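Here you'll find one protein chain in two forms, each presented separately as structure tokens under the names structure 1 and structure 2.
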Structure 1
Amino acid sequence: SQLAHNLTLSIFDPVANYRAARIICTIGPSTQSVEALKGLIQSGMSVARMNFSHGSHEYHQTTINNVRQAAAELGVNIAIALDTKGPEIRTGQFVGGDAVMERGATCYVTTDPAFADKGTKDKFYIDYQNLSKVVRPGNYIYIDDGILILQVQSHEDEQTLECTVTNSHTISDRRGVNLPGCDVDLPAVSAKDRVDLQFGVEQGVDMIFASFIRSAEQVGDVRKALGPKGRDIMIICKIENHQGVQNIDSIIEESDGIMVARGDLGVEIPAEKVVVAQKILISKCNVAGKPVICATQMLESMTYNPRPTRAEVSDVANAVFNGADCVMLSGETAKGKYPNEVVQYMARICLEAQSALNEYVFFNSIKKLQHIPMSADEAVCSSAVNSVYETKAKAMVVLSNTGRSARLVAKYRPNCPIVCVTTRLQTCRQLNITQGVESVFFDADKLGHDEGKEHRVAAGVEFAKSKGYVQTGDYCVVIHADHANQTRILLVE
């Protein structure tokens, strides 16, 4: 398997410079300008993430315009993702807009609407009306970004709870609350999300990073919110709690991909468990054939330091080893002091990790999991990747309009670059979260319909030659899968 593969490796060999993993960068104050964006692109960014939990529509409109320009100027295609704010539990108001909590002392959390303004350090409101229930004695209540920690001990009545302030901390008006291990029942898409999602559709974003998904039904709600004009936008579900992890199979089923939000998962789940959860969610996505993003606290110390820690480096490497399609940067690029350096370092780690990755294990493991009989395209994509291993071909050319085939082929993990030739420019952008693929845009209006596909195959091969994947004499596997089937093993000229 892989253990056997490690025995044959050496770090003193040249690393065949091809990076399959993709990097997503969160845009912010230190990276919003066009020039800062081009630098990010030249450093290795494939997707530009807009964190909608902060910033106005005019702010994000600037990001959208600057990304599209920076990309245009450099001649590439960069995906634009809208990361949703999601549902949120905020407290009521306080008398004097403040409430000084202190260590060891008691307080009372009521489900009574009358205290929405009469809040004091002794008794205040929390807008989650199913409070006295989902909350038992011994549980914890995190308030204000998880800084303040209360410890429930009994219920005064059907609306109030008696808590102990476990640590001193001052809290102002309406600051979010978290309920560790408690099954909350908040709606998927909030009113704010609904408004932001319609904006995303109008601006033509490529994908949505849907916050706090815990149900297959919730994914459906996000679709409706996008409406018919946003039927082609991908919905990447952010798994941020235990429910999302429990219902992972059905959520993956409905979604277009998954994001493992380690930091959010870590709020109520032990760190060591989050590690294991990451392995599970990534492997399940791999088998499903949908992109998976390793998402939080990546190269964290680089947000201010020019060099990351020993541990941060291995964390990035292992996300790749786990099978992640993409790795993400949040504050490192959003408010960081070294935007380009973090991305460059991340790309470097991904390249190195790849050289050691035994992709034949993935191919084999994904083949054994296939149910027999399987459908035509399933069989075609496996055989095409099988041929790659058999002939030791140096590249694959997949003609896919919607990116469906490219994503299916990539699932089998060939040990060579995959070049996708599409007539859709959005496919070029959406494939940016799929590992080991590169898209070549074929203009049907400027170069004709190519009814016969040869021009597209030629385009894909020329790109492969251009990049140095294949030289005259090399073998290249070509495919066409759904919309209506074909595979060729070409001798590159």
Structure 2
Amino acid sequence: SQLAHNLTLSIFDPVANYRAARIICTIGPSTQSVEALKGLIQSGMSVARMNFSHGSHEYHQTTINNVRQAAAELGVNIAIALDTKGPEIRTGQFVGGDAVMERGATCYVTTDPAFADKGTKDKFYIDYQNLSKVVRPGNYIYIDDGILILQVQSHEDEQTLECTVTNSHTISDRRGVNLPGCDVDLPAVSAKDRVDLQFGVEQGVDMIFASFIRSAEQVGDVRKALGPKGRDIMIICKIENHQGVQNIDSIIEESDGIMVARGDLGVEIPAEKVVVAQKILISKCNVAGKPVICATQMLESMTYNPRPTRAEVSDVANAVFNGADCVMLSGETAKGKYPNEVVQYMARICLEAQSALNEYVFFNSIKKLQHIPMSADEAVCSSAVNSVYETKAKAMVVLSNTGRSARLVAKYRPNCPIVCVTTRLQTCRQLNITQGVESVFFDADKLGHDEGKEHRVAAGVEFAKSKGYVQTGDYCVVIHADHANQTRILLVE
């Protein structure tokens, strides 16, 4: 019903007064300094992502410190996300450093570890010990970004596969491999992940972007690797292959949210199907009320060019129409030449998409899916958003200590900002991956526990006033739903 809303739109009308989508930026050499991080924050960054595929603990500690210093100097709360290297399948070494794979040739891939430093075009090592059990004759094995496609012909022996080379390509040492028709059964967390997750907990990161999640039991393995001290850290599962996509329901249920990793998906799945897998995964997350991030190949050509291509811009806008909470930048900010400009243009595109998005379709689709009787929390949050639309209120205020009720209200997609007043700074940071929400910290130690809620309500309404969301005479819908509840339709003074 976007369709009827399209007919009423004008591209010459003003954009909204708030941007709902959130921007995650990956930190690297273009962006790690305190000053650069301040430029990012002012450009629209809400979340700093550390890519633990590269870089030492000392290197990531510097990001951690610089982010916190940059956010304190600007007076804001910025989330810190640890993105794990994850389990990997790699080839071994080749003799002469290199190996020249010709089309039509026969080669032998083995998991015999004797071969890790003496592969040749004839026979080389792949380091995934279960390779033979997981693959069958006819299956494909991809190497080097999926560029070299070997096809499996037979089991030469219990550790070695006879392969055909289907296309020509020179491959150097230790390329990554994929297995598109194959259920890969590597552990959820490598030995390096286990050390790296323990470091995130010690340093108080807000969320883990957990690589290569294939099943619900693996989300529980990440959680157990975080330990009892990491219990409040959110686990965002990165969906990267057909197994993640097949098992998406049970993964969603166990996770705190989802990353749609379109570039990794596209190694094993046709790009046009990844487009559809994106729609599916975003809508399931919207229904679960959990944050979903659209990641990889976002404004990629703006890594070295001052503008993106028109198709890239349409890609970011459509992520927002699909329902994404968050859009993520990778090399565009980590190693690019226009980090501030790419964040600002991404914010711009998101704002323009939002101005055309009919939010009421989301609200009404999600509400129609609810079973009667609803539980109290789902009834209160849905009816508070419905009151926004019925009175044309201009803001909501949600008192939420853990963020749970702020996410439940954002799930129902009011067409106005949501201000979450919370007593925890970690909730302010974790809400940066939920669309349409801004957080206000209420220091209850100094200010009092505020049992009757009046002070936290007034702080929320003041914040909305100071941002111009509301003025004297507008309506503001207030809600509390503590996991006791209460809704109010407040006439702003």
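All residue numbers here refer to structure 1's sequence, counted from 1. Each form is matched to the other, and the largest set of C-alpha atoms that superpose within 1.5 Å is called the rigid core.
The chain shifts as two rigid parts between the two structures, and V267 rides on the other part from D98. Put simply, the smaller rigid part swings 15 degrees relative to the larger one between the two structures, by C-alpha superposition. The rigid core superposition between the two structures gives a CA shift for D122 of 1.5 Å. Core-based superposition between the two structures puts the Cα shift at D256 at 0.1 Å.
Overlaying the rigid core between the two structures leaves the Cα of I147 displaced by 4.2 angstrom.
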